[PDB]
Structure formats: structure tokens, C-alpha cells
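Take a look at this one chain, the form deposited in one PDB entry, written out in C-alpha cells.
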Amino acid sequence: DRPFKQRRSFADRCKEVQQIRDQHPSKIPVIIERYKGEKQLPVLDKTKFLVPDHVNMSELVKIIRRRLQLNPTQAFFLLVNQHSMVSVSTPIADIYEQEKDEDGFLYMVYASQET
């Protein structure tokens, strides 16, 4: 239940990304985690996702909203290195090159506020 980086060593995280490059070359390896202090939104069922590289960040927002089963009254923000993604209709492939972690994953955090 701890964050991903506390459950896998840096070496193991790098290895995982390299494996994903071999097995699913057209996908972006993503870690999506609930903000540390979040109180309203539920937890996702899982944290690691393989995203086809053509998916827009703004579509990813709508997909995650559906996966959390949110009403249209529930606020939801998806942040990548503190940047909100709701209006970024750019493919994740381009965000990946810019925002990837040193371990090769693309990390995101979701919250009910955009701080």
C-alpha cells in the first residue's frame, strides 16, 4: 500500500521498464498514485499501467475518472510533476520523453484539488 518506489528498488524499476520496452514497445509505462493527503477520492485498483503511446493526456483523465466511478460532481485532477493534465491534449508519447523518471516510468498523482 506504500508508494511504488518504496516497494521496488531503483535497479528493479529500471529492469521492469526495460522488460516493458521489449514486450510492449508501443506502450508507455505509467505509475498512477493517489495524492498522499487525499481524503475524498478512492484508491485505484492498481498503480501500474501500460498506456498505448497515442493516447492523449486529456483522454487519460477521462479514462481514470471512469475507472474511479466518479459522478460529474466529483472534482478530479491528474498531475505529472505537479502539472495538471486535464487540458493537455498531447499524446503521452511526447509527455513521456519530457517527464519520465530516471527509472523510466512516467509517474502521476491524482487528487480532488489542483493545489
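Only residues modelled in both forms are compared. Sequential numbering from 1, following the sequence displayed. Definition used throughout: the rigid core is the maximal C-alpha set that superposes within 1.5 Å between two forms.
Here the subject shifts to the form deposited in another entry, a form of this protein not shown in this document.
Residue showing a CA shift of 2 Å or more between this form and the one not shown (rigid core superposed; candidates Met85, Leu41, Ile32, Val51): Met85.
Relative to what is shown, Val86 and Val80 are closer in the other form; their C-alpha atoms differ in spacing by at least 3 Å. Panel note: the distance between the CA atoms of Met85 and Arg65 is larger in the other form than in this form, the difference being 3 Å or more.
Core-superposed difference between this form and the one not shown: segments of three or more residues with every CA shifted 2 Å or more are 81-88, 113-115.
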